[PDB]
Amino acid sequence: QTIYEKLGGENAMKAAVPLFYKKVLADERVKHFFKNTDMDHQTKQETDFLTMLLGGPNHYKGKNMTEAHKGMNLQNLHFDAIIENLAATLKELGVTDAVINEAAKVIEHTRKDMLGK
């Protein structure tokens, strides 16, 4: 039972990423980083990336997390905002605290790869 299956699988991931961007694009800490971003593209890459990371099918063909955030010099408060918004998204979707924590603990290992790049 992967975290991906525990979340609800493909249909849950497809609903979670656009809901998570609705919250991120309203969050003053981070919304502006996406000002010039093609959000259809980003939603597709990030859905593939989180599906792969959480134990679903691995079809992620994009950049690693250092290259993806290169030149942004991202700060700790920006990564905390992303995790808070992903957690709030999964809660709103009906995922249990225990599963949200499993998912955040996997994604948290990427923090050192993207901060300050």
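When you see a residue number, it is the position in the sequence shown, counting from 1.
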Higher of the two mean Cα B-factors (93-101, 21-29; per PDB record) comes from 93-101
Quick one: higher average CA temperature factor, 50-58 or 35-43? 35-43
Report the third (lowest, middle or highest) to which the CA temperature factor of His69 belongs, ranking only the modelled residues of the same chain. lowest
Chain third (lowest, middle, highest) by recorded CA B-factor, residue given as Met114: lowest
